[PDB]
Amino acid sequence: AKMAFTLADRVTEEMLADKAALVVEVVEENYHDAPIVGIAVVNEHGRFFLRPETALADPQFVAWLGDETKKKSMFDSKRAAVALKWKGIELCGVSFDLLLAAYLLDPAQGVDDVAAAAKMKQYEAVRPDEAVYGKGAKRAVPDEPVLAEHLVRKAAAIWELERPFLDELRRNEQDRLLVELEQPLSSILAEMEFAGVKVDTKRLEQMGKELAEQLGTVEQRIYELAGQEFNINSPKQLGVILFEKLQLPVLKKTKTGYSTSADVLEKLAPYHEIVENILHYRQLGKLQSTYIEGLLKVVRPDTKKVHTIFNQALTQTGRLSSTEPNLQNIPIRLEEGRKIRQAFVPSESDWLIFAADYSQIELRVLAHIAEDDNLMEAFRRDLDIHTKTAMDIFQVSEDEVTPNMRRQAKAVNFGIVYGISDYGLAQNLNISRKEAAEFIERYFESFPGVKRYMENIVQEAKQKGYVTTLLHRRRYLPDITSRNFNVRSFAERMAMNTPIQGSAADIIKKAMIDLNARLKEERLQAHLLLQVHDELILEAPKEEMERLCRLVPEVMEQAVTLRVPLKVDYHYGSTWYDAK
């Protein structure tokens, strides 16, 4: 049972219709400067397979690819677009992306290939990529006959599934979400990934040296205090030294044995001097392994740039994720690790890094969605929200709020957003369950609208089977009806949190689209480099800083209109570290 198709040796005009399912196959997981192993086209005139070397060298085919009036339906068009950018070829006219369509229909399905998306509509006339290419290590491109049929079958599925997927998106009121938000964003992410972020490798290498020295020192000190050498990196070996040789108290256990998380070590520090050293060692080693060595491993030696890949179809809440390298988790909390940001620099001379971030976007979204009078007023006054929460739940004036009170109020705020339970809050604040329960109780008394929302949203998830965000993104919560307390509760926390985190995701994605349109209208050279959930990082000529200081915050603040204002802070400097 083979699918019919023409294995063309040359490109013909009927392969260039103004509507087609297109496959530009890039097998390598990381598609940056990666090989395109084959091309497949399916349109009204039939199915075709084209060898990349000839198709991509064909002026007509290249022109067709770049013609915005020639509409293409694809799966993961960003992958193709970026792989083509590295070859100096522009991809335009992508009007439908099955990966993004499937993602929006149900993020939980984990659709990562055409076959997985096709199975949603009982279409199985296509094989999963893994079945054709093999897993991880044994992952190889098969001979042409096998490759060609696979690409043609994927194109054929895309061709057949577009209407069905679009129809369901329409029924879900998500058609604009795909067409006006995710698809345009995909092209923007492609530009961002392709541009990359320049790295000062000399800076990183120098940091590595000083880290190595500091590690050697702490390393020896640890052995001295332990009275013997061992693999500090090993949980088993460490636990034995700490809880057996040194007799430290076992305050927490792990499914496998002794727990040695920083949370536990801090509590053990007063008992023995080795503890602080282990914590320090943990901090330095994390920086050395994950950020210094890890980063230098992925930097391109010729341009000294790192090109992350933003997974736009993975998170259950609509957020993006970042990989190889993950540029969404570069240190900042602690000064030592924060200095790593000094290594992220502008890509051109006399340019600067510009960073803009939303101020408390999640709590502002919560105020809007819950329509809580107290919380909305708080933001209308642009109050320090943690101080305000402390005043309310602890019943004191502003000048009566102590640093510890603000710290705990802040913990409660993070918890309320996470739909946190009394135990979750108790664990984070390191207090009792009942105590944590009282804080939550006081919070709801001060913010009745929020309590009402949390109650109503859980019931809505139960009734509808899912919850939605401002721009109609959805997340199914089948566990919401489980008779298992733990499972159901987790589903409830997700019901309370997804509309918040998800709506914040919708807003910044929209801001990105609005921003790029504005930058183009103004013909600024400034361009986006990264997005870190609630912040946008750009780079631009130093001469554009003044215009960006007004333009970026405004665009981000006006992306959507809520019942409370949106507020954006911004900074700029010679490096990402300096953009503070």
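Each form is matched to the other, and the largest set of C-alpha atoms that superpose within 1.5 Å is called the rigid core. Each residue number is its position in the shown sequence, starting from 1.
Asks: Which of these two stretches, 171-179 or 266-274, has the larger RMS Cα offset in 8 other deposited structures of this protein when the rigid core is kept aligned?
Replies: Once the core is superposed, the stretch further away in 8 other deposited structures of this protein is 266-274.
Asks: Fitting on the core, do the C-alphas of 356-364 or of 417-425 deviate more in 8 other deposited structures of this protein?
Replies: Relative to the shown form, the greater RMS C-alpha distance in 8 other deposited structures of this protein belongs to 417-425.
Asks: Mind pulling up the entry and telling me whether 425-433 or 371-379 has the higher mean Cα temperature factor?
Replies: Result: 425-433.
Asks: Should the higher mean CA B-factor in the entry be assigned to 391-399 or to 488-496?
Replies: Higher mean C-alpha B-factor in the PDB entry: 391-399.
Asks: Comparing recorded Cα B-factors across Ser95, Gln342, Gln360, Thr254, which one is largest?
Replies: Comparing C-alpha B-factors across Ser95, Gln342, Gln360, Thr254, the top value belongs to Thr254.
Asks: Looking at the C-alpha B-factor values in the deposited entry, which of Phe439, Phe75, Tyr123, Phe194 comes out highest?
Replies: Most elevated C-alpha B-factor of the set, per the entry: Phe439.
Asks: Please place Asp129 in the lowest, middle or highest third of its chain by C-alpha B factor as given in the entry.
Replies: Ranked within chain, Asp129 CA B lands in the middle tercile.
Asks: Per the entry's values, where does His527 land by CA temperature factor relative to the rest of its chain, in the lowest, middle or highest third?
Replies: It belongs to the lowest third of the chain when residues are ordered by C-alpha B-factor.
Asks: Divide the modelled residues of the chain into thirds by Cα B-factor and specify which third, lowest, middle or highest, holds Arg153.
Replies: For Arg153, the deposited C-alpha B-factor lands in the lowest third.
Asks: When the deposited Cα B-factors of this chain's modelled residues are ordered and cut into thirds, is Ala356 in the lowest, the middle or the highest one?
Replies: Lowest third, going by the recorded CA B-factors of the chain.
Asks: Quick check on the deposited entry: does the C-alpha B-factor of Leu515 sit in the lowest, middle or highest third of its chain?
Replies: Lowest third.
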